[PDB]
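Have a look at the structure below before the remarks.
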There are 2 protein chains.
Amino acid sequence: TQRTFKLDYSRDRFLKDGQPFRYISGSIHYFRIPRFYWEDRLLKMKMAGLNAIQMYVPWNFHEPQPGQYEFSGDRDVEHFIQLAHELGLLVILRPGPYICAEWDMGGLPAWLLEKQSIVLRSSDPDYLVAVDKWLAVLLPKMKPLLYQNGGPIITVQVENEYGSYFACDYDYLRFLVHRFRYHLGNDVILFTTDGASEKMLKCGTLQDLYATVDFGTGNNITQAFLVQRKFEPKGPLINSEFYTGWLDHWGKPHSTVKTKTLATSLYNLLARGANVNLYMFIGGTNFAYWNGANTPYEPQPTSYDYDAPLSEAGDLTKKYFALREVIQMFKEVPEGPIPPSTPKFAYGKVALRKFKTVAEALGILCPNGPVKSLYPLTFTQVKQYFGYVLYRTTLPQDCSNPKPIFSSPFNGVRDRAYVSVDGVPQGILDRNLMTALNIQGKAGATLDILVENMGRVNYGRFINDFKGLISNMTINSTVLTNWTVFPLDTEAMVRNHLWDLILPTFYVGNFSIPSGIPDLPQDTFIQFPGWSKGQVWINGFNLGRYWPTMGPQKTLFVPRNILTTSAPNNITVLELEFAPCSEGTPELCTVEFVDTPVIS
Amino acid sequence: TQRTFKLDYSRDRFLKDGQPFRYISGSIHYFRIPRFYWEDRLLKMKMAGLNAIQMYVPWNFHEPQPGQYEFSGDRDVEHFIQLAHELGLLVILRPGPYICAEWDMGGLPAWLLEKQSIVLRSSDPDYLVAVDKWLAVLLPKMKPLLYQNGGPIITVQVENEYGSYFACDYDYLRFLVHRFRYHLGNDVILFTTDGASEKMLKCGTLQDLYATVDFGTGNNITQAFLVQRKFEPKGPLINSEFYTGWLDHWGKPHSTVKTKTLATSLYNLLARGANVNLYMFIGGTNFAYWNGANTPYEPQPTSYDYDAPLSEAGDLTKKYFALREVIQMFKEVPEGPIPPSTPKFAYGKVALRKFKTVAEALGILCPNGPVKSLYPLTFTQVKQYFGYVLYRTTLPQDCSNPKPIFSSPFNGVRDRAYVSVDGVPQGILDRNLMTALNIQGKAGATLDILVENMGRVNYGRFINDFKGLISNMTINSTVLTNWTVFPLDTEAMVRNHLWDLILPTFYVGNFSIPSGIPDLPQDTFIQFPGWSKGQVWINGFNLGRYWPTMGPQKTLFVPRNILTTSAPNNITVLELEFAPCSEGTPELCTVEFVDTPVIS
Ligand SMILES: *[C@@H]1O[C@H](CO)[C@@H](O[C@@H]2O[C@H](CO)[C@@H](O)[C@H](O)[C@H]2NC(C)=O)[C@H](O)[C@H]1NC(C)=O
Ligand SMILES: *[C@@H]1O[C@H](CO)[C@@H](O[C@@H]2O[C@H](CO)[C@@H](O)[C@H](O)[C@H]2NC(C)=O)[C@H](O)[C@H]1NC(C)=O
Ligand SMILES: *[C@@H]1O[C@H](CO)[C@@H](O[C@@H]2O[C@H](CO)[C@@H](O)[C@H](O)[C@H]2NC(C)=O)[C@H](O)[C@H]1NC(C)=O
Ligand SMILES: *[C@@H]1O[C@H](CO)[C@@H](O[C@@H]2O[C@H](CO)[C@@H](O)[C@H](O)[C@H]2NC(C)=O)[C@H](O)[C@H]1NC(C)=O
Ligand SMILES: *[C@@H]1O[C@H](CO)[C@@H](O)[C@H](O)[C@H]1NC(C)=O
Ligand SMILES: *[C@@H]1O[C@H](CO)[C@@H](O)[C@H](O)[C@H]1NC(C)=O
Ligand SMILES: *[C@@H]1O[C@H](CO)[C@@H](O)[C@H](O)[C@H]1NC(C)=O
Ligand SMILES: *[C@@H]1O[C@H](CO)[C@@H](O)[C@H](O)[C@H]1NC(C)=O
Ligand SMILES: *[C@@H]1O[C@H](CO)[C@@H](O)[C@H](O)[C@H]1NC(C)=O
Ligand SMILES: *[C@@H]1O[C@H](CO)[C@@H](O)[C@H](O)[C@H]1NC(C)=O
Ligand SMILES: *[C@@H]1O[C@H](CO)[C@@H](O)[C@H](O)[C@H]1NC(C)=O
Ligand SMILES: *[C@@H]1O[C@H](CO)[C@@H](O)[C@H](O)[C@H]1NC(C)=O
């Protein structure tokens with residue numbers, strides 16, 4: 001009755017308790033979906049016929065500050081794994097430390113950047129030390145959840161498309177592998193995932209560690225598995241991320257891949273007897289600052305719908321039933337009715353009201369106190385890992401005639417700055433789009449620049465993503481010293497509430513939900529007609545970034561967990577560009593709750 | 001600030017705190033809908049723009065046995081009124097004692113029939129005494145809820161189409177009115193409702209009591225209110241039951257009235273400035289034995305959908321929005337989004353299994369013990385106010401050749417009997433349909449007859465509705481003595497579970513519902529493909545009668561309140577005619593849970 005799971009090289013498969021085995025898995029990120037709904041998605045996953053999941057452990061989700069760890073409630077990954085086990089699902093764990101995943105900085109904590117020249121995903125001694133410490137914290141929590149110790153964990157990913165990274169460090173991989181073996185034991189099954197081309201496996205694979213690839217419908221399947229077999233002559237064929245859809249970018253049209261094309265490809269993969277994981281099965285949500293970025297800079301939106309088999313709000317889609325039908329070819333699917341798409345409710349129009357700009361509330365926003373520096377400091381340099389940062393200086397010259405805010409020594413404003421002087425908004429600045437802007441003000445006037453972190457790049461080489469001013473800020477090639485920066489405690493500020501482009505300002509509105517209705521509150525979608533861009537919280541929960549005027553995302557997912565009946569619902573919007581709220585028309589100064597999402 | 005509500009004869013209206021007032025009400029029966037959902041319907045009623053409700057107090061719902069009263073939880077009418085008041089809705093109370101309402105025996109308790117020749121709705125001293133006692137119990141509970149005492153009760157109905165009853169007793173009405181004035185005070189506003197023809201008001205109205213009529217879309221509105229004015233020259237015009245739809249009968253096709261026809265008529269009524277109540281606004285449910293009957297006998301089904309503006313399960317229908325739109329012509333409608341149609345879930349097919357016939361379980365069904373009588377006793381005579389009754393005797397003659405079960409002295413088998421001998425089902429008997437049946441058995445064989453109460457007549461003269469055998473049971477005009485009757489405690493029996501027509505037998509099946517799903521359990525509809533007729537309980541809650549083979553009702557409403565997650569769901573079906581469960585096909589021996597009702 002002992003649980004003996006191990007790769008069967010002879011018969012190119014897995015063996016579970018002596019029986020041939022191959023897994024049909026789907027990715028689910030417990031962190032892009034609220035814990036309130038975890039069971040739901042996982043049960044749907046079981047009802048789809050998957051027998052395993054493939055999930056990432058984002059290091060930054062559990063250690064926002066060095067040595068500070070969060071693992072309870074919404075932070076309780078171990079409970080998530082235990083719940084999956086209770087549902088009869090196996091688990092493929094992917095603990096990184098880099099996960100990509102269109103997630104902030106690939107999971108790595110921003111405070112790593114406190115060493116300016118430090119190198120991530122390399123043999124950098126400080127990087128390796130921090131990685132080791134994180135592993136020494138995380139992995140003992142996973143140890144009792146390993147299959148051979150009676151839990152659902154059957155295989156473990158060590159990296160993610162490591163062949164795409166510039167370093168090509170095999171000492172780094174060896175160091176990771178030694179530490180994983182040390183903390184987790186020799187029994188664990190360790191694997192890699194890389195792009196389906198031998199060039200990437202060249203720098204990704206490693207001895208004493210199984211090698212796998214990923215690929216979607218636009219790859220020769222034969223060629224892909226031939227590429228894998230060139231690195232793993234014996235053992236199961238595995239596609240760890242067979243893409244069912246694709247990520248989005250703001251402005252870029254929403255990617256859509258036909259359902260039945262994915263279905264046909266999936267059938268083809270299954271017919272070879274391989275192991276496939278559907279990335280993503282549910283996409284979930286890009287919370288406040290969890291989004292990543294590519295290069296050339298292009299942040300991912302709030303919605304992570306992904307065109308996944310389960311929609312952002314968990315709806316059963318035609319894709320879901322198609323994939324269930326395909327999977328039922330190769331395994332009996334669980335009996336019983338499938339949990340439904342959640343109910344949606346249109347709460348309708350809710351009004352807001354100008355509360356205060358960031359500048360006029362920094363003390364409430366930053367009650368510990370501000371930061372002073374000779375030259376500007378970056379987001380990391382000011383010890384604010386997310387959010388927005390206020391840069392303040394004095395004008396050294398009279399600017400009665402519009403003077404040009406222009407280049408800095410090496411084009412290092414990232415990623416967006418809203419510029420103003422003594423509460424007079426001057427316009428916008430951004431990377432690759434707008435770096436020059438005429439401004440006006442008297443000599444000695446207070447210049448305030450609000451810098452937004454639009455997301456740390458999550459893929460490629462450009463992980464040294466400073467965020468804000470690093471270099472000597474210059475106006476018309478004229479230097480600027482004596483800077484005061486302001487980190488903003490937006491989360492506690494929203495949770496407490498002190499208890500013609502419009503300057504970044506807060507608009508607070510309320511709405512009530514009746515008590516005693518069994519099927520209220522329900523999940524919903526928030527729309528911002530007439531707004532431009534900002535951040536939104538409900539009852540202190542940061543739902544993420546909105547940008548309807550840029551699109552393609554319009555609605556934001558609102559999980560019903562955050563609404564409280566009888567007690568007033570208190571929405572706070574931080575608008576960065578424009579609000580319909582100056583004139584005498586109040587109806588325009590409203591957001592809306594809708595039932596059917598509109599994201600593309 | 002004193003609350004002064006009274007009829008304004010001068011200006012043909014009501015006055016509320018000195019202001020002209022007319023009400024736009026809808027009927028809601030707190031008892032045909034589970035308390036779990038009361039708020040829901042009432043809030044929808046508020047969102048429809050109604051400012052009052054018109055509801056019945058069924059005497060039999062609160063006093064099933066003489067001197068035994070139930071008023072807590074699901075029995076807490078006073079809490080229902082208080083909840084309505086809390087929602088800002090006024091209340092029109094209609095406490096009967098007869099309510100018609102397609103409800104059992106017009107609300108009157110069946111034990112009144114323990115006096116065989118007693119007369120209901122007359123000056124019968126025992127009837128008047130029982131009525132008085134009921135009023136003396138009920139009305140002091142309503143007193144603090146009266147408008148002038150700070151509650152939502154503004155007017156009170158004393159009868160219901162009294163002009164349709166044969167007695168034409170004005171002493172009876174005077175007695176009621178005196179008792180109502182005595183217990184409730186002179187301040188109360190008292191009114192009547194009758195069919196819209198002077199002939200009925202002739203016997204319905206009464207001095208010192210306001211007179212109103214009811215009528216639907218097939219009545220001359222001018223003529224109807226002229227008829228009212230002939231009895232009330234001054235005061236508001238009132239239609240207390242403007243029918244938006246109609247009741248159903250088993251077998252009779254489901255009545256449907258076009259939405260917009262009702263809308264046009266409603267607008268016409270409103271334009272006269274009258275007071276109108278929409279009967280029904282929600283219909284709700286016909287539980288276990290709460291249905292009524294007409295003459296010639298025709299029981300109402302389980303569904304009381306009524307084609308009401310709110311569907312049986314509370315869905316917003318095109319009729320609802322149409323009526324809201326009409327009402328918004330004459331009054332501002334409440335602000336905010338309207339509570340939605342409830343979510344529905346298809347739990348799918350659930351199997352059952354033959355447990356035991358009634359005969360083989362009477363001890364468990366009747367643990368106090370059976371009844372013995374020289375000649376058969378009626379349902380009332382055996383002190384079982386609902387349910388089914390077992391009649392047992394011995395065959396006095398050899399019946400090797402089929403002998404005719406035939407007439408009794410005055411055709412008094414009501415309403416349906418399933419006949420068998422020692423567990424050999426012989427067929428069916430019913431009133432006006434089948435009273436003759438050939439049977440076979442040896443002399444001295446035990447003859448068991450299972451008699452179903454299909455519903456006590458709720459309208460007309462025929463309230464002396466015995467239910468079962470009253471007269472000397474005869475086979476081929478041959479008398480039968482030495483009877484043993486068996487009252488069945490079906491409710492406690494289901495709640496405990498001891499912890500080719502098929503004989504009436506119990507089939508128990510289970511189904512499980514996953515835990516941790518925020519939007520599960522949901523309301524549902526149960527279907528019985530292949531079954532014929534019987535009673536169904538879930539977790540001991542008697543959902544009512546099913547009869548798909550007769551129709552028009554197929555599905556049964558299942559409110560989500562009765563489902564319990566993790567704990568097994570235990571459905572019990574008492575089938576009276578036929579089950580698909582003898583052969584080796586188990587799939588046929590299943591009921592189904594569906595999401596969309598199919599009732600017509
Ligand atoms: C910002 O300007 C200061 C001006 O002093 C720079 O500081 C000097 O930079 C030169 C190179 O440009 C070095 O050789 C000196 O050693 C620096 N001196 C000090 C005291 O730091 C600074 O490097 C500039 N930084 C940026 C990012 O432009
Ligand atoms: C949303 O705003 C309402 C309005 O103040 C809050 O309701 C009060 O919250 C305070 C907490 O600071 C309590 O002390 C009061 O008792 C609450 N009012 C009542 C009538 O009880 C509500 O708490 C706010 N919600 C959130 C999530 O902050
Ligand atoms: C059932 O049969 C019995 C037979 O005795 C009837 O009892 C007699 O009925 C006659 C009228 O038919 C009366 O005059 C007698 O006074 C009754 N005698 C007794 C002792 O009751 C009885 O009435 C019959 N009942 C029915 C409903 O048919
Ligand atoms: C439905 O049937 C199940 C199966 O027995 C019941 O579950 C048990 O109920 C008994 C009560 O007699 C408890 O003592 C047991 O502890 C229950 N089982 C477990 C595992 O806890 C369930 O109670 C039944 N439901 C209803 C409403 O009768
Ligand atoms: C893939 O490539 C192999 C050889 O390179 C070829 O035989 C096969 O037909 C190709 N299939 C597809 C779908 O491109
Ligand atoms: C910017 O600086 C240059 C110095 O060469 C000066 O000539 C120019 O006038 C400045 N710009 C403005 C708008 O004054
Ligand atoms: C900047 O700060 C230094 C610190 O002493 C001060 O000497 C200098 O005058 C300041 N310059 C301006 C422009 O405020
Ligand atoms: C919500 O805020 C508005 C702002 O005027 C206020 O009128 C309203 O009463 C508030 N809602 C509740 C339930 O108090
Ligand atoms: C109703 O009857 C009155 C007089 O009896 C008549 O004037 C009116 O036109 C009738 N209206 C309808 C709708 O029958
Ligand atoms: C019924 O009773 C009559 C008595 O007149 C008898 O003649 C007849 O045979 C009986 N019926 C049967 C089926 O025996
Ligand atoms: C009916 O009961 C009486 C009561 O004593 C008994 O005398 C009689 O024999 C019984 N008759 C039958 C047919 O059982
Ligand atoms: C429900 O009853 C069936 C009858 O065989 C049984 O197999 C099943 O285990 C029961 N369900 C649960 C959850 O125990």
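Within each chain, counting starts at residue 1; across the structure tokens, chains are named A, B, ... in the order shown, with ligands numbered 1 upward in that order.
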
Nearby residues (only C-alpha atoms) at most 10 Å from residue 69 in chain A, same-chain spacing under 4 positions excluded, as a VMD selection string: chain A and resid 59 to 65 75 134 137 to 138

Limited to C-alpha atoms, could you put the picked residues into a file as a short mmCIF file (atom, residue, chain, number, x, y, z; two decimals), in the first residue's frame?
data_model
loop_
_atom_site.label_atom_id
_atom_site.label_comp_id
_atom_site.auth_asym_id
_atom_site.auth_seq_id
_atom_site.Cartn_x
_atom_site.Cartn_y
_atom_site.Cartn_z
CA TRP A 59 7.78 34.26 -3.98
CA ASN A 60 6.72 37.92 -3.88
CA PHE A 61 3.18 36.94 -2.89
CA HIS A 62 4.41 35.50 0.41
CA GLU A 63 7.42 37.71 1.26
CA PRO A 64 6.69 41.33 0.32
CA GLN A 65 9.52 42.50 2.61
CA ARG A 75 -1.99 33.72 2.02
CA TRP A 134 13.28 31.49 0.41
CA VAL A 137 11.30 28.65 4.17
CA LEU A 138 8.88 27.48 1.45
#

Could I get the residue neighbourhood of ligand 7 at 12 Å, counting only C-alpha atoms and all ligand atoms, as a PyMOL selection string? chain A and resi 372-375+392-397+443-446+479-484

Since we have the selection now, will you write its residues out, keeping C-alpha atoms, as a short mmCIF file (atom, residue, chain, number, x, y, z; two decimals), in the first residue's frame?
data_model
loop_
_atom_site.label_atom_id
_atom_site.label_comp_id
_atom_site.auth_asym_id
_atom_site.auth_seq_id
_atom_site.Cartn_x
_atom_site.Cartn_y
_atom_site.Cartn_z
CA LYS A 372 14.55 63.11 1.44
CA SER A 373 17.36 62.66 -1.08
CA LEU A 374 19.90 64.77 -2.95
CA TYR A 375 18.95 63.20 -6.28
CA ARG A 392 8.81 66.85 -5.08
CA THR A 393 11.30 69.60 -5.81
CA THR A 394 11.48 73.38 -6.27
CA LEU A 395 11.75 75.11 -9.64
CA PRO A 396 15.25 76.64 -9.92
CA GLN A 397 14.30 78.99 -12.77
CA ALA A 443 10.66 80.26 -9.88
CA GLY A 444 10.69 78.42 -6.56
CA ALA A 445 7.31 76.80 -7.21
CA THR A 446 6.81 73.30 -5.84
CA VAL A 479 19.81 69.34 -13.37
CA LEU A 480 17.58 69.14 -10.30
CA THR A 481 18.62 68.44 -6.70
CA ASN A 482 16.92 68.54 -3.28
CA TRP A 483 14.22 65.95 -3.86
CA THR A 484 11.55 64.76 -1.41
#

Within 8 Å of ligand 1, counting only C-alpha atoms and all ligand atoms, residues as a list in words: residues 375, 408, 409, 410, 470, 471, 472, 473 and 479 of chain A

Residue list for chain B near chain A as a ChimeraX atom specification, 10 Å, only C-alpha atoms: /B:36-41,43,336-350,511-522,560-561,593

Can you pull out every residue within 10 Å of residue 277 in chain B, counting only C-alpha atoms, but drop anything in the same chain fewer than 5 positions away, and send it as a VMD selection string? chain B and resid 23 to 27 50 52 to 54 92 214 238 to 244 266

Now that the selection is made, can you save its residues with N, CA and C atoms as a short mmCIF file (atom, residue, chain, number, x, y, z; two decimals), in the first residue's frame?
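That gives us again-v9.cif:
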data_model
loop_
_atom_site.label_atom_id
_atom_site.label_comp_id
_atom_site.auth_asym_id
_atom_site.auth_seq_id
_atom_site.Cartn_x
_atom_site.Cartn_y
_atom_site.Cartn_z
N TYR B 23 -53.76 53.13 -2.66
CA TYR B 23 -52.76 52.08 -2.61
C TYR B 23 -52.73 51.28 -3.90
N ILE B 24 -51.54 50.81 -4.24
CA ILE B 24 -51.31 49.92 -5.38
C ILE B 24 -50.57 48.74 -4.77
N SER B 25 -51.28 47.63 -4.60
CA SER B 25 -50.84 46.51 -3.79
C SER B 25 -50.68 45.26 -4.63
N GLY B 26 -49.94 44.31 -4.09
CA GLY B 26 -49.88 42.97 -4.66
C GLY B 26 -50.04 41.94 -3.57
N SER B 27 -50.72 40.84 -3.91
CA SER B 27 -50.87 39.73 -2.99
C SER B 27 -49.60 38.91 -2.90
N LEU B 50 -45.05 48.69 -5.49
CA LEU B 50 -46.18 48.53 -4.59
C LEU B 50 -45.89 49.16 -3.24
N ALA B 52 -48.23 48.54 -0.61
CA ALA B 52 -48.99 47.74 0.34
C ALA B 52 -49.02 46.31 -0.16
N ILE B 53 -49.27 45.37 0.76
CA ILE B 53 -49.59 44.02 0.33
C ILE B 53 -50.95 43.60 0.87
N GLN B 54 -51.54 42.64 0.17
CA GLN B 54 -52.82 42.03 0.53
C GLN B 54 -52.59 40.54 0.73
N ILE B 92 -52.33 45.16 3.98
CA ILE B 92 -53.76 44.89 4.01
C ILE B 92 -53.91 43.47 4.52
N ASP B 214 -64.10 42.48 -6.49
CA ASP B 214 -62.96 42.07 -7.29
C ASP B 214 -63.42 41.78 -8.71
N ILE B 238 -62.34 50.37 -5.08
CA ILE B 238 -61.35 49.35 -4.75
C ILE B 238 -61.67 48.03 -5.42
N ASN B 239 -60.69 47.49 -6.13
CA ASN B 239 -60.68 46.12 -6.64
C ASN B 239 -59.64 45.37 -5.81
N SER B 240 -60.10 44.52 -4.90
CA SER B 240 -59.17 43.86 -3.99
C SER B 240 -58.44 42.69 -4.62
N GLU B 241 -58.96 42.14 -5.71
CA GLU B 241 -58.30 41.03 -6.40
C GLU B 241 -58.53 41.25 -7.89
N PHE B 242 -57.68 42.08 -8.49
CA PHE B 242 -57.67 42.24 -9.93
C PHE B 242 -56.77 41.14 -10.49
N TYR B 243 -57.38 40.15 -11.13
CA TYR B 243 -56.67 38.94 -11.47
C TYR B 243 -55.72 39.18 -12.64
N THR B 244 -54.44 38.93 -12.38
CA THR B 244 -53.35 39.07 -13.34
C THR B 244 -53.12 37.80 -14.14
N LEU B 266 -54.75 47.27 -16.19
CA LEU B 266 -54.26 47.88 -14.97
C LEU B 266 -54.16 49.39 -15.13
#

Filtered DSSP result for range 197-322 of chain A, state alpha helix (DSSP H), as number ranges by chain: A: 198-204, 221-231, 259-271, 318-322
